[PDB]
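Contents: one structure, followed by commentary.
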Amino acid sequence: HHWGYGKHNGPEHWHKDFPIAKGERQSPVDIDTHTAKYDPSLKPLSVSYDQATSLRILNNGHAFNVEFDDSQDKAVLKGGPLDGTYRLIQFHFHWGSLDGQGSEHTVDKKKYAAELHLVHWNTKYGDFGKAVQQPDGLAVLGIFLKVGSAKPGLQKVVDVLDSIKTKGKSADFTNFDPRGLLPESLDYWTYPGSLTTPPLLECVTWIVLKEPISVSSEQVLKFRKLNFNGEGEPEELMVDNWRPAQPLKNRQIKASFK
Ligand SMILES: NS(=O)(=O)c1ccc(C(=O)CSc2ncccn2)cc1
Ligand SMILES: [Zn+2]
């Protein structure tokens, strides 16, 4: 009886195995755009993905992860609200059973169809597992997806999904360029938060881009054909793998714009 996205083991249950679920800096949150403070001291975000080395894609039973070589300083995030350098380790998405829901963060209570998370760890901690034990260990770049035009840069991810349909499947996935998933503007909101799945650790500086990317209906339909179950188990479609907005508590969301 492990955690998941149901009935009986979904977000509303996670606190019993992971009591930090009711902590003081949990994510995601609703971004109330009127009460986010513009902060002129924030810097432009610096995304340097020109040497990124993707390796593999994995269905982990909750989502799929596209994983990167993070053994050298090759795909890094810095600037923005960050001190120091953060190295890309993986990206993944959260999405819905319908186009009207699927994002984790919301904007004035608006849900997007999905949300991409590019996960980076602070190099001052040497590796991901030590970084998640620190309050400034990770920086997660979150990007909303709406359904409209296709995203050509997403298609190579969509096409490999039938090879990793069920939990525990992986496939070679080299030469994937995550620059092809970025919108045109890097204007962002930022606040201190947490991983949005167990272990729910309070180690993340969240950076949420204002401008969503568009993906097609056919692209998001292929996400919804994945499965949470393993091969030879009854089919449980991988949909609605998002945690709802959590209490903001004693936190300020800052805007890099306006
Ligand atoms: N949804 S998210 O907040 O971007 C997010 C959520 C979970 C992760 C994980 O790596 C979970 S697995 C993991 N393994 C060891 C220590 C901490 N987490 C990474 C990013
Ligand atoms: Zn995530």
Side-chain angles (χ1 to χ4, degrees), residues 2-5 9-11 14-15 17-21 23-31 47 54-70 75 77 80 82 86-96 101-106 111-122 125-145 154 157 167-168 170 178 181 188-209 212-213 220 223 226 228 238-246 251:
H2 47 262
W3 75 266
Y5 299 99
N9 63 355
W14 291 351
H15 72 95
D17 276 333
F18 301 94
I20 206 72
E24 303 299 306
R25 57 177 278 192
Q26 292 287 294
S27 291
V29 296
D30 182 51
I31 298 168
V47 180
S54 67
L55 290 172
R56 197 174 74 138
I57 189 175
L58 173 66
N59 177 333
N60 70 2
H62 305 294
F64 61 86
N65 297 340
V66 173
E67 294 161 357
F68 286 79
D69 174 10
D70 65 354
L77 186 65
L82 302 173
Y86 293 65
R87 204 167 281 173
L88 181 67
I89 182 169
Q90 54 104 323
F91 69 75
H92 61 273
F93 302 83
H94 306 261
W95 59 92
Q101 62 191 47
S103 67
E104 294 210 306
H105 292 89
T106 54
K111 300 176 166 67
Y112 290 82
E115 185 172 332
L116 161 63
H117 286 164
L118 293 132
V119 177
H120 312 70
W121 52 272
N122 191 326
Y125 306 120
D127 69 15
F128 180 85
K130 288 303 276 267
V132 295
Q133 302 174 239
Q134 306 298 342
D136 59 347
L138 297 193
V140 183
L141 174 62
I143 301 178
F144 296 120
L145 277 64
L154 183 62
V157 169
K167 178 166 55 177
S170 62
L181 300 175
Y188 65 85
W189 296 283
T190 182
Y191 73 97
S194 72
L195 299 180
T196 72
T197 72
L200 300 172
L201 295 170
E202 288 176 336
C203 62
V204 182
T205 302
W206 274 96
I207 298 170
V208 180
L209 293 191
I213 52 166
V220 70
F223 284 13
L226 294 166
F228 285 131
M238 184 177 279
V239 296
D240 293 320
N241 50 2
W242 50 274
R243 186 189 195 190
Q246 298 299 308
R251 291 178 289 178

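Both counts, for ligands and for their atoms, begin at 1 and track the order of listing. Residue numbers run from 1 in the order of the sequence given. The figures here come from the full heavy-atom set of this structure, side chains too, leaving out hydrogens, waters and symmetry mates.
Considering only non-hydrogen protein atoms, atom 9 (C) of ligand 1 sits nearest to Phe128 CZ, 4.3 Å. Closest to atom 8 (C) of ligand 1 among all protein heavy atoms lies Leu195 CD2, 4.1 Å. For atom 16 (C) of ligand 1, the nearest protein heavy atom (residue, atom name, distance) is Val132 CG2, 4.0 Å.
Per-atom contact check: atom 18 (N) of ligand 1 touches the protein, criterion being a heavy-atom distance below 4.0 Å.
Those atoms of ligand 1 that come under 4.0 Å of a heavy atom in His94, given as number and element, are 1 (N). Residue contact check: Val119 has heavy atoms under 4.0 Å from atoms 4 (O), 20 (C) of ligand 1. Listed by atom number, the atoms of ligand 1 under 4.0 Å from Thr197 heavy atoms are 6 (C), 7 (C).
Between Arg243 and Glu104, no side-chain nitrogen of the basic residue sits less than 4.0 Å from a carboxylate oxygen of the acidic one, so the salt-bridge criterion is not met.
Only the side chain of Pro199 comes within contact range of ligand 1, with a heavy atom under 4.0 Å; no backbone atom does. Looking at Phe93 against ligand 1, nothing comes within 4.0 Å, counting heavy atoms.
At least one heavy atom of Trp206 sits closer than 4.0 Å to an atom of ligand 1. Using 4.0 Å as the threshold, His92 has a heavy atom nearer than that to some atom of ligand 1.
Ring centroid separation for the pair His105 and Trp189 does not come in under the 6.0 Å cut-off.
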**Item:** Intermediate values then yes/no, side chain to side chain contact (heavy atoms under 4.5 Å, CB included), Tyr5 and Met238
**Value:** CA-CA 9 Å; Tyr5 299 99; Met238 184 177 279; over 6 Å; no
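Taking the Zn ion (ligand 2) as the corner point, the angle from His117 atom ND1 to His94 atom NE2 is about 100° (rounded to 10 degrees).
In this structure, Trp95 contributes its side chain and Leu116 its backbone to no donor-acceptor pair below 3.5 Å. The backbone N or O of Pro244 lies less than 3.5 Å from a partner atom in the side chain of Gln246, making a donor-acceptor pair. The backbone N or O of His62 lies less than 3.5 Å from a partner atom in the side chain of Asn60, making a donor-acceptor pair. In this structure a side-chain-to-backbone donor-acceptor pair under 3.5 Å is present from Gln26 to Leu200.
Side chains of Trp121 and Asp70: a donor on one and an acceptor on the other come within 3.5 Å.
Expressed to the nearest 0.5 Å, how far CD of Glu115 lies from OG1 of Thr196 amounts to 8.0 Å.
In terms of N/O distances under 3.5 Å, ligand 1 is approached by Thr196.
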